Student: 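One structure, pasted below without further comment.
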Amino acid sequence: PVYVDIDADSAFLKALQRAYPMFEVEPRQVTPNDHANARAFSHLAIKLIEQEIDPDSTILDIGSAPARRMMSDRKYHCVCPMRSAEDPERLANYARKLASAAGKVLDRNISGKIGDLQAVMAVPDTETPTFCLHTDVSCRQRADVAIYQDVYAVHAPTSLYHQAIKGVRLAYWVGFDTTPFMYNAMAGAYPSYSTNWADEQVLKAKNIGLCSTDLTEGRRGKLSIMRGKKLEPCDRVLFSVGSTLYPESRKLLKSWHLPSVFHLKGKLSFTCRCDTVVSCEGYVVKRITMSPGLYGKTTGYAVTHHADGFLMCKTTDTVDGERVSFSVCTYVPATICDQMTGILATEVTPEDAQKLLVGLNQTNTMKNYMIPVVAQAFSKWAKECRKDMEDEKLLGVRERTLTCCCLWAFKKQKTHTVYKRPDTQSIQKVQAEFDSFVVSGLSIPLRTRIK
Amino acid sequence: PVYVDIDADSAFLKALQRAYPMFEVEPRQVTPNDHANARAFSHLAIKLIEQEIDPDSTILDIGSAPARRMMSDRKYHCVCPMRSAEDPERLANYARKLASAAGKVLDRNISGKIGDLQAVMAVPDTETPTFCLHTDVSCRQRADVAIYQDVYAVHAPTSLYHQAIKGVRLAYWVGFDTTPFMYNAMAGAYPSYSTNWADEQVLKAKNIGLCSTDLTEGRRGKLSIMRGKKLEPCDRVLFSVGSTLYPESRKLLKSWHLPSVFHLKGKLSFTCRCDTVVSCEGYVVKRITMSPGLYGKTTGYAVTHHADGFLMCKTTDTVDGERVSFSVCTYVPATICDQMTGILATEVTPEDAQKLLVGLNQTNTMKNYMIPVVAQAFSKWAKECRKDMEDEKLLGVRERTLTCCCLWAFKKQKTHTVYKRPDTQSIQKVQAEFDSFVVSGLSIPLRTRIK
Amino acid sequence: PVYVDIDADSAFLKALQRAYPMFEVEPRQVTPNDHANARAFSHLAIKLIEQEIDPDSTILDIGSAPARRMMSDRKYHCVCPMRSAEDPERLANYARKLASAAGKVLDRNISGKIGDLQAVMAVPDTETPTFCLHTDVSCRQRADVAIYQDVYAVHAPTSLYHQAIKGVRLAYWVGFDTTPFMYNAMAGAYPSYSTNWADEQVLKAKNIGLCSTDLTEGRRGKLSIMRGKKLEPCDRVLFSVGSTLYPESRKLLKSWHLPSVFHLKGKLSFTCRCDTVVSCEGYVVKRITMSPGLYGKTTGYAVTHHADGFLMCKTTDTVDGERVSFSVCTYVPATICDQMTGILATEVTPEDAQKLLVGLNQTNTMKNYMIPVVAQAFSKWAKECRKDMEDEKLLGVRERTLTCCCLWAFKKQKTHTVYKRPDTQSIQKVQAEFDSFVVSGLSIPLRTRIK
Ligand SMILES: C[n+]1cn([C@@H]2O[C@H](COP(=O)(O)OP(=O)(O)OP(=O)(O)O)[C@@H](O)[C@H]2O)c2nc(N)[nH]c(=O)c21
Ligand SMILES: C[n+]1cn([C@@H]2O[C@H](COP(=O)(O)OP(=O)(O)OP(=O)(O)O)[C@@H](O)[C@H]2O)c2nc(N)[nH]c(=O)c21
Ligand SMILES: C[n+]1cn([C@@H]2O[C@H](COP(=O)(O)OP(=O)(O)OP(=O)(O)O)[C@@H](O)[C@H]2O)c2nc(N)[nH]c(=O)c21
Ligand SMILES: Nc1ncnc2c1ncn2[C@@H]1O[C@H](CSCC[C@H](N)C(=O)O)[C@@H](O)[C@H]1O
Ligand SMILES: Nc1ncnc2c1ncn2[C@@H]1O[C@H](CSCC[C@H](N)C(=O)O)[C@@H](O)[C@H]1O
Ligand SMILES: Nc1ncnc2c1ncn2[C@@H]1O[C@H](CSCC[C@H](N)C(=O)O)[C@@H](O)[C@H]1O
Ligand SMILES: [Mg+2]
Ligand SMILES: [Mg+2]
Ligand SMILES: [Mg+2]
Ligand SMILES: [Mg+2]
Ligand SMILES: [Mg+2]
Ligand SMILES: [Mg+2]
Ligand SMILES: [Zn+2]
Ligand SMILES: [Zn+2]
Ligand SMILES: [Zn+2]
């Protein structure tokens, strides 16, 4: 019996039960959290990871929040480099909770944990069994398992290699699905988790999930010094989970979209296998095994299975008054996708598609703020399919036109919707051979306060 | 079991229960208060804050109403600078209640409270454990927790820094949502709390919630000495909560719209994290942690999650006979917003939208005095969406026109409505690095009366 | 259990129960009073005031009717200057009732009351504990509470200052709502209380609540010596409550529309807070706290919260044969206002609006004699809204036209209806800084009769 802080009548309960059939999920609502579903998924994921691994194993918790591991019988070594502004609060919460359980919880090594915390406070660079202030690449604690829970600030191959050279043979990554960033979308939603993310350039849009614009009265102006003739995704994105905001980097996010098999070639060499073991409406748990030596061959292909529909479409919005178009991604429940199979046989207008989608949403199966764009997406998709049926080609042929050179062109059709239906797979060519991994943050007053 | 002075059949009861799932909310109506909902929310909020914090903590109550902390087992130090015209009544009520419970309540430190009150009356500058006549920046009582309950007259960063340099590590702010003032609206409503606020310039309007106009026949006159060619929001706004009026300053209101993480850089430096822990139909409880030292990096982005729809729209009204347009904001129940998803797929006239909204309101889900403006808003929003669909742009392009200089302009489209649907987030760029905080009010007759 | 002399089936019972939730209101009809609702409200108001205040307090009763305080256990000092023509009757009734309970009621100080009455009859200037013949500004009895029950003949700031310099710190005012006289209406109704008031100039109208006209054939005559080219509200108004008539002065009526906070600056200075604690369909109880010393700042704004709709509209009537137009105010039940929200989305003729209002009135929710003008009002309001929608302006602009001078006029639109919907607030700028308060009525044989 695992108790999750979500509403009893919530429809995410069924999705969580299907995602974790080996547990008895029961709702025990105690707080009005606006990101309750994400926390519930993380809780169930760490429970599953603990179930899978050997009790005698020692687990590195990279980018840890130590207050969450303090009621765990497992042997966690929490790596806390204090690199984020929210970290001091987490460390203070850990210290307060340890003090509150100092002589009242017996078999959770609370005395050992407070001793290690005081030792790290005394000598910053000491490596205690349960705590340290180092990073993933500077910690010296050898272990058998590594866990990354909502860690997006590390390059995946470098961190994984640095764990592997320390004897780590199993790694676990819990996070948001990295597929929408492999498609290079400008903005997007994980609607089941009340999560909206956007490129920094489109934060002033009007109709995406995460934006804020102003009311204006029109001008042929807004002159600027930046010749922004092109609107393309840049590295910095903003995540909003419920109401908490997190900046992310696209390279770091995409690094965690690892292939099925890859090779880390350093002073030591490792053959690694990445596998998505849990997938619930945009939240995934990935298992990475690492074995010394080079074995087999790598194709460099990462595959995402779509239990629910995944949409990326073009949207026309108004950013700071200026009308632009950019790609927006979302997830659509598989029941909604199945109920639109017959409608998309014909060309449908976005208004008719929206009306049908609202009909299928009756309570609501999917969030309504994403219904318009989805409708638009579907409409475009339907039209494009007709185009393909209308302009049928010949087998074994590919029409090419010369351009007065030893080089030839052809026509690229317009594609305004990528629609991965339920039971399909996205396949992306990514790097699979990594060989270049060669590429003191606590203050005295915080030290005094922790004591 | 927490008892709230609201009607048993009130629909706000379900909203309060959802906002506070950790309590058993029971209606016990004893007075015909016209701002009963706001008082009920404040009561439940202080109960939640008391639940969260350690009993041995000492709590600064900034801008306190000491009569409300008098039946509390917690250790409150009430800071009462007596800068409001409603403060003498509150102090007299506190003294009268203390006298009425001097020898009837045993375990609430009533004797201590009367002793401290008499001590401050004797020597005004004395700093007693439970009472003082200083301000937030002149009080000397060190504490661990600070509470701001309906305090809008202080600059947030300066006050928080002055608490932090006194050892305060946790602060709580209970008050009306600051999002409508981040959008620079001229007038607005919190309809669930019977609250209407307006800029001082539009108090003579006709159809906003808080206004009063006269009956006129129409003249080509009203000549004035002030060249008012622009109608823009000014600093002073008027709040009417039920029937009690409060003047507010826009800058002080907006200062409390703090980012997720920020830095206070003074003689001491603090890394602070602001989090909205309670959000109920326009009334919020925010939790601010403060930790010494500078950690991490700040983006300067403040995020509001919209459980219910938030609307800002253009309204045409008559102020002192003169027809003008200004922005008006409001909150719309999420069920109403969901029920209008299908209708807003096409362009709808404001009259048809109003009739539909009246239909969905049957008892009433939302206040009727806001239905017209909301209807108008929806209509405009629908229209604008279609325009965006009609004038579709190209990906990665941004049309710009030169003006015989090293500058290029473009066309800014129409925005008469900002509609944040349920499960979306507003994101605003605000200051996150604060480093300039360097920027005796009791008379003898009141001293004699208090004794 | 409070018993009210009203009909058991009266619909005012529910309104009174909502206005006084702290009491059990039971109808005990004993007389066919035509102003039974007003008397019932006054009875419940004095009960609530008595409940609120400390039993050991001494209560000034300004402009008292001593027969009503005579079965009161509280310590009332009745101030009876005998300036009204209905006062000798009240004094005789008081003496008769005292005699009738001289040796039959033991614990109501009847012997003391008759002793004080005989003392004042002997020496008119003596200040006895329970009775005096002075005014509010000439009484010398110091007290802690003052009560004004249906007192409209005194300037509010001067009377309140004279009470405050006598140690009075709490004052209560029970009376008809002063909002209709802040809007400067010519005639009006409190229909729940069967009350109609009119300006003296329109007493000869035809279709207002309080008027009487004659039957005429119609002539091009009625010459007069007064160039009455203007019809404006003058000071004198006539109230008819049921069938009892009372002349009132507009200045004295409006003086009691006090701001939320104000300052009395005389030889002593007081900071006063006015708050409306009871509001029932036009009858209000206001609480005024007074504290010595000047504190805070005053805005000068008085706010009225509308639980029911408030209408002021232009009506065309026939006064003494001459067709004129003037403003008429009234209250509309909130259920009627809510049921007309959808209808007022479009332009509706007064006849269709009247038929709809008669339909919603089925027993009757509102008085029928007020339905026509209300209908007309709604119609005009609807039309005006359309105009505001039709003539949409630009944000941040205000069109002004020069007149060959350093002055610029503009166009003032028509306003034929002020409609304060339920859950709105009227805000009026009134005086809040008062500093100029510097601005023997019993005969020998009434004395002999009283003995
Ligand atoms: C550290 N972190 C956490 N999340 C997600 O946001 C949710 C809350 O993230 P949180 O760090 O605010 O949890 P907190 O310590 O405040 O404790 P709680 O409020 O009781 O939950 C988590 O469930 C994650 O799914 C995160 N999401 C992104 N994109 N980036 C991050 O760094 C990140
Ligand atoms: C001090 N203050 C209180 N409020 C809100 O108005 C409501 C009443 O505010 P109040 O100060 O009038 O309460 P009072 O002391 O009269 O006791 P009560 O009548 O029994 O409640 C509160 O619930 C607040 O939500 C306030 N609202 C604004 N905008 N500004 C303020 O300063 C302010
Ligand atoms: C003194 N006075 C009383 N009223 C209202 O008129 C009603 C009756 O006023 P009343 O003075 O005629 O009561 P009376 O002494 O005759 O005893 P009763 O007939 O049993 O009630 C009261 O309920 C008041 O609401 C009053 N109304 C106005 N406008 N002016 C006044 O001076 C005034
Ligand atoms: N290079 C690095 N090596 C190890 N940890 C790092 C790191 N860069 C950032 N981090 C840490 O990663 C953390 C992400 S916040 C993590 C919260 C916690 N893991 C949870 O499950 O809720 C930050 O606290 C930051 O300190
Ligand atoms: N600079 C300042 N420092 C501390 N308090 C201040 C202040 N400026 C104004 N105040 C106080 O803030 C109060 C707001 S009224 C507060 C009422 C009370 N907190 C409640 O919960 O109902 C006023 O009484 C005023 O005295
Ligand atoms: N200046 C003044 N000071 C005190 N009382 C005054 C006054 N001017 C008029 N009054 C008194 O106010 C009274 C209004 S009739 C009041 C009736 C009584 N208060 C009731 O509740 O029914 C008159 O009797 C008149 O004598
Ligand atoms: Mg959150
Ligand atoms: Mg497998
Ligand atoms: Mg109020
Ligand atoms: Mg949080
Ligand atoms: Mg009568
Ligand atoms: Mg109040
Ligand atoms: Zn380590
Ligand atoms: Zn202090
Ligand atoms: Zn007297």
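Atoms within each ligand, like the ligands themselves, are counted from 1 in listed order. Throughout, a chain's letter reflects where its sequence line sits, starting with A, and its residues are numbered from 1. Just so you know, these numbers use all the heavy atoms, side chains as well, and skip hydrogens, waters and symmetry mates.
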Student: Quickly, which of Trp256(A), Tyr283(A), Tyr148(A) forms a ring-ring contact (aromatic ring centres under 6.0 Å, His included) with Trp173(A)? Name it, please.
Tutor: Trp256(A)

Student: Looking at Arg83(B), which atoms of ligand 5 are within less than 4.0 Å of one of its heavy atoms?
Tutor: 1 (N), 26 (O)

Student: Closest heavy-atom contact between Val168(A) and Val145(A)?
Tutor: CG1-C, 4.0 Å

Student: Please could you name the atoms of ligand 5 that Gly63(B) approaches to less than 4.0 Å, counting only its heavy atoms?
Tutor: 5 (N), 11 (C), 12 (O), 13 (C), 16 (C), 17 (C), 18 (C), 19 (N)

Student: Please indicate whether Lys47(B) has more than 12 foreign heavy atoms, meaning atoms of other residues, nucleotides or ligands, lying under 6.0 Å from its NZ.
Tutor: no

Student: Please list the nearest protein heavy atom to atom 9 (C) of ligand 5 with its residue and the distance rounded to 0.1 Å.
Tutor: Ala153(B) CB, 4.0 Å

Student: Show which atoms of ligand 4 fall inside a sub-4.0 Å distance from at least one heavy-atom site of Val154(A).
Tutor: 1 (N), 2 (C), 7 (C)

Student: Is it the case that more than 12 heavy atoms not belonging to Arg74(B) sit under 6.0 Å from its CZ atom?
Tutor: yes

Student: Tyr172(A) and side-chain contact (heavy atoms from CB on, under 4.5 Å): which partner among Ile59(A), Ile53(A), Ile62(A), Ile288(A)?
Tutor: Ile53(A)

Student: With nothing but distance in play, are any N or O atoms of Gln149(A) less than 3.5 Å from an N or O of ligand 4?
Tutor: yes

Student: Among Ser138(B), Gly296(C), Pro81(B), whose heavy atom sits nearest atom 5 (N) of ligand 5?
Tutor: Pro81(B)

Student: Mind checking whether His134(A) has a heavy atom under 4.0 Å from ligand 4?
Tutor: no

Student: Does the residue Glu86(B) have a heavy-atom contact with ligand 5, meaning some pair of atoms that are separated by less than 4.0 Å?
Tutor: no

Student: Which atoms of ligand 5 sit under 4.0 Å from any heavy atom of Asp136(B)?
Tutor: 1 (N), 2 (C), 3 (N), 4 (C)

Student: Could you list the atoms of ligand 4 found under 4.0 angstrom from a heavy atom of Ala65(A)?
Tutor: 18 (C)

Student: Passes salt bridge (charged side-chain N to carboxylate O under 4.0 Å, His left out), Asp275(A) versus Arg287(A)? Steps please.
Tutor: CA-CA 5 Å; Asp275(A) 168 40; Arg287(A) 206 218 272 101; 3.0 Å; yes

Student: With no hydrogens and no angle check, is any side-chain donor or acceptor of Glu127(A) less than 3.5 Å from a backbone partner on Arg140(A)?
Tutor: yes

Student: Under a 3.5 Å threshold, yes or no: a donor from one side chain and an acceptor from the other, between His43(B) and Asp5(B)?
Tutor: no

Student: Taking the non-hydrogen atoms of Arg90(B), is any one of them nearer than 4.0 angstrom to ligand 5?
Tutor: yes

Student: Keeping the roles fixed (side chain from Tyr161(A), backbone from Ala156(A)), state whether a donor-acceptor pair exists under 3.5 Å.
Tutor: no

Student: Taking only heavy atoms of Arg68(A) into account, list the atoms of ligand 4 that are under 4.0 Å away from them.
Tutor: 20 (C), 22 (O)

Student: Could you identify the single nearest non-hydrogen protein atom to atom 24 (O) of ligand 5 and state the distance to 0.1 Å?
Tutor: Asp87(B) OD1, 2.5 Å

